[PDB]
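Asks: The following block contains the structure, expressed as structure tokens.
What follows is calculated from the coordinates using simple rules that are stated; it is not laboratory data. Every residue, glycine among them, receives a Cβ derived from its backbone with ideal geometry; neighbour counts consider all protein chains shown.
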Amino acid sequence: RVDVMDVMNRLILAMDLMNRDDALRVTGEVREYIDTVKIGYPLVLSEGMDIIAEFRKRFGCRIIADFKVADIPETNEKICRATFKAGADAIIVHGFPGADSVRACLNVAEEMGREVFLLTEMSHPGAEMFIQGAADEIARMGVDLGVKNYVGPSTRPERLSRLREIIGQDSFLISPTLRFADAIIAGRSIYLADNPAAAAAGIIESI
Amino acid sequence: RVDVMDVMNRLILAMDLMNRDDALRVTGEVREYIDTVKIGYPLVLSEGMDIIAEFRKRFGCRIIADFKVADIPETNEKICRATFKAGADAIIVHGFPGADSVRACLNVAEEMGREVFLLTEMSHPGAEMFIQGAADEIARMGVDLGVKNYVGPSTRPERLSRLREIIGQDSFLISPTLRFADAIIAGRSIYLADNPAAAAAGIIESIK
């Protein structure tokens, strides 16, 4: 789809290491394979938001800020603005806090020419308590708000088909499979590999 | 209660300004009245996590990191560790992601001698869609995790009574009322006031 992002090789690196030296070393080594890197709070709180601009300038990669934004609208707006000002191309936001909290993010994204990804579901054990039961309604809420980018369940293929049914064939879907998701996310498989470059190469082959 | 934190004058400052100069100026001016400051991502993402230690070293205040932690357990652990390493006394974490995600935070807080606050509910309009219906069960989940500190609804006093019922009379409850909550949180009423010091003084007088 022309109107959603192109992720090189359909493979996103989840750069979840917390020290800047290690994080930079891995990302540069895989830049030939991956052009899209997802960073979260462990790295940015440890090293500073300046690390976002550093990844973009050193590797020319797209950055998705996996900040799971989950506050009231006014605070969500400020979080998004700070994150986009730091150079993030996109931000991941929770749907559980409701439509006006998501819309606040959409507003800033439109102002600044950036992207919002709605997190529809999570796959860790405790996700059963509240998140799983809300997932379809959260996805529908996204569709109704014109959300174009979604983060889906890590496990359960049949969950991806259901999400794809709700969001349509045009929207962009990433999952931590490629029959339904546009790109997959790899973390440890790569950054804990002795040869991250080789690891990335291998995943790409099977893709 | 001896085992939960003492908040000076039962009044917490929500320091939601995003520039370090303005934030420091307001907090220092009210340190006589307030010893507990709540900081969120707008400030720390804009100015750096080092600002937490700066607040503590300049004002000797307790810092609560309102980070609404809402990730998987392993990531929650790392967020809490980074935040406590930066000097936060406490961190606010969402309950919606479930019990293991909360326990991960409790584990690090136990290791490091810090505190976890469970956010049981929110009061902004969209909170009706999913949060309001989960609030009592989230509170019960907290109690069944030995959670001692809770952040409750900003609005609706009768919600505070329900929460207090679930969590018991011993647990620590803060709210943005004092018949149920141990402390209240003031933000704009103070940091946007002509003189914050006077604003704080005023609210305090209303508190007996």
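Asks: Under a crude label model (7 Å from the Cα following the beta-carbon direction), how far is A:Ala198 from B:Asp194 in nanometres?
Replies: In this crude label model, A:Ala198 to B:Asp194 measures out at 7.2 nm.
Asks: What 222 nm value per residue comes from the helices of chain B, counting each DSSP H run with n ≥ 4 as -39,500 (n - 2.57) and dividing by all residues, nearest 500 deg cm²/dmol?
Replies: Values: 9 runs with 93 residues, N = 208.
-13500 deg cm²/dmol, from helical runs alone.
Asks: Shifting gears a bit: Kindly list the residues of region A:1-29 that lie in the label zone of B:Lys85, defined by a backbone N under 20 Å from the point 7 Å along the Cα-to-C-beta vector.
Replies: A:14-27
Asks: Taking the alpha-carbon centroid of each part, what is the distance from region B:1-50 to region A:168-207 in angstrom?
Replies: So the two Cα centres are separated by 41 Å.
Asks: Quote the Stokes-Einstein diffusion coefficient, in whole µm² s⁻¹, for the protein assembly as shown, based on the Kirkwood radius over alpha carbon pairs, a temperature of 20 °C and a viscosity of 1.002 mPa s.
Replies: Details: Rh = 21.9 Å.
After rounding, the answer is 98 µm²/s.
Asks: Let me ask you something else. Using +1 at the C-beta of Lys and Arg and -1 at the C-beta of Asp and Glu, which of B:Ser161, B:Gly133, A:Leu163 has the Cα lying farthest in the positive direction of the dipole of the protein assembly as shown?
Replies: B:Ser161
Asks: Taking the Cα centre of the protein assembly as shown as origin, work out the dipole magnitude from +1 charges on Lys and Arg Cβ and -1 charges on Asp and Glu Cβ, in debye rounded to 20. Don't jump to the answer; show the numbers that get you there.
Replies: Numbers: 49 positive and 62 negative charges, 51 e Å.
Using Cβ point charges on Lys, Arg, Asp and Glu, the protein assembly as shown gives about 240 debye.
Asks: Sticking with this one: Sort B:9-15, A:66-72 by packing, meaning the average of other beta carbons within 10 Å per residue, with the highest value first. Could you put the intermediate results ahead of the total?
Replies: Working: B:9-15: 22.1, A:66-72: 24.7.
Averaged packing, sorted descending, gives the order A:66-72, B:9-15.
Asks: Hey, if you put +1 on the Cβ of every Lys and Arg and -1 on every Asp and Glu Cβ in the protein assembly as shown, which of B:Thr27, A:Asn19, A:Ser101 ends up farthest toward the positive end of that dipole?
Replies: Comparing the listed Cα positions along the dipole, B:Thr27 ranks first.
Asks: If you rank B:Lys57, B:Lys148 by fewest surrounding Cβ atoms within 10 Å, what's the result? The partial results should precede the final answer.
Replies: Details: B:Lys57 10, B:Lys148 21.
Listing B:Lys57, B:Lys148 from fewest to most nearby Cβ atoms yields B:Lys57, B:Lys148.
Asks: For region A:46-102, what does the alpha-carbon gyration tensor say about shape, rounded, prolate or oblate, given a ≥ b ≥ c as the root eigenvalues, a/c under 1.5 as rounded, and a/b over b/c as prolate? Intermediate results must be reported in sequence, preceding the final value.
Replies: Working: a/c = 2.73, a/b = 2.26, b/c = 1.21.
Cα axes put region A:46-102 in the prolate bin.
Asks: What is the distance, in nm, between label points placed 7 Å from the Cα along the Cα-to-Cβ direction at A:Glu158 and at A:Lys57?
Replies: The modelled label-to-label distance comes out at 5.0 nm.
Asks: Moving to a separate point now. Could you tell me which of the pairs A:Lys78/B:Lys38; B:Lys38/B:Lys148; A:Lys38/A:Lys148; A:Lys38/B:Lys57 are separated by over 23 angstrom between their Cα atoms in the structure shown? Let's see the in-between values first.
Replies: Details: A:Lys78/B:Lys38 16 Å; B:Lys38/B:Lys148 18 Å; A:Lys38/A:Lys148 18 Å; A:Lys38/B:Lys57 34 Å.
Those over the limit are A:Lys38/B:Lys57.
Asks: Rg/Rh for chain A: what does it come to with C-alpha atoms and Rh from Kirkwood? Mind dumping the intermediate values first?
Replies: Values: Rg = 16.2 Å, Rh = 17.2 Å.
Rg/Rh for chain A comes to 0.94.
Asks: How well do other chains shield peptide B:83-91, expressed as the mean number of their Cβ atoms within 10 Å of each residue Cβ?
Replies: Numbers: counts 3, 0, 2, 2, 0, 0, 0, 0, 0.
Mean partner-chain Cβ count within 10 Å for B:83-91: 1.
Asks: Under the definition of partner shielding as Cβ atoms of other protein chains within 10 Å of a residue Cβ, what is the mean value for peptide A:116-124?
Replies: Average neighbour count from other chains, rounded to a whole number: 2.
Asks: Placing +1 at every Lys and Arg Cβ and -1 at every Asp and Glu Cβ, with all other atoms neutral, what dipole size does chain A have around its Cα centre, in debye to the nearest 20? Don't skip to the answer; put the middle values down first.
Replies: Numbers: 24 positive and 31 negative charges, 39 e Å.
For this selection, approximately 180 debye.
Asks: For B:31-43, what's the mean count of beta carbons from other chains sitting within 10 Å of each residue's beta carbon? Before the final figure, lay out each step's value.
Replies: Working: counts 0, 0, 0, 0, 0, 0, 0, 0, 0, 4, 11, 10, 2.
Per residue, the average neighbour count from other chains is 2.
Asks: Nearest 20 debye, what's the magnitude of the dipole of region A:24-144 about its Cα centre given +1 on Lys and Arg Cβ and -1 on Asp and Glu Cβ? Mind dumping the intermediate values first?
Replies: Working: 14 positive and 20 negative charges, 100 e Å.
Computed about the Cα centre, the dipole is about 480 debye.
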